[PDB]
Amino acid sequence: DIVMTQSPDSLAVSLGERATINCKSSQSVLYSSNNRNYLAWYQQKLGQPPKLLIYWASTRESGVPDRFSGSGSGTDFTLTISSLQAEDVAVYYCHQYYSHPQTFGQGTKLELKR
């Protein structure tokens, strides 16, 4: 079973500042044949369902703004929020769908500096 480890676990940044969320897989999820990364990022706001943000490690879902950027490969990946807005406060999860079971990280809680 591939293990998804995110860092940091939580983070507090000022409005309009940049946030960086790491995620490492215990095994490569880059597929040799198609050379595609089976890696997704989801956003979950409080009392709400998850929302798909990024897949194949770097593709934005429809309706997802450009301030959200997915990067990296194989075992190492990063979500960058370039200019943090208040509506971006939430829990962000990485997710691999390379093999079963398809596991998630424990989440990174991103909050506004008080």
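All residue numbers refer to positions in the sequence shown, first residue = 1.
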> On average, are the C-alpha B-factors higher in 13-21 or in 89-97?
Replying inline: 13-21
>> Splitting the chain's C-alpha B-factors into thirds, which one does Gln44 fall into?
In response: lowest
> With respect to C-alpha B-factor, does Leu79 fall in the lowest, middle or highest third of the chain as deposited?
Replying inline: lowest
> Once the chain's modelled residues are ordered by C-alpha B factor and cut into thirds, is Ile2 in the lowest, middle or highest one?
Replying inline: middle
> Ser32's Cα B-factor: lowest, middle or highest third of the chain?
Replying inline: highest
> Comparing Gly72 with the other modelled residues of its chain, is its CA B-factor in the lowest, middle or highest third?
Replying inline: lowest
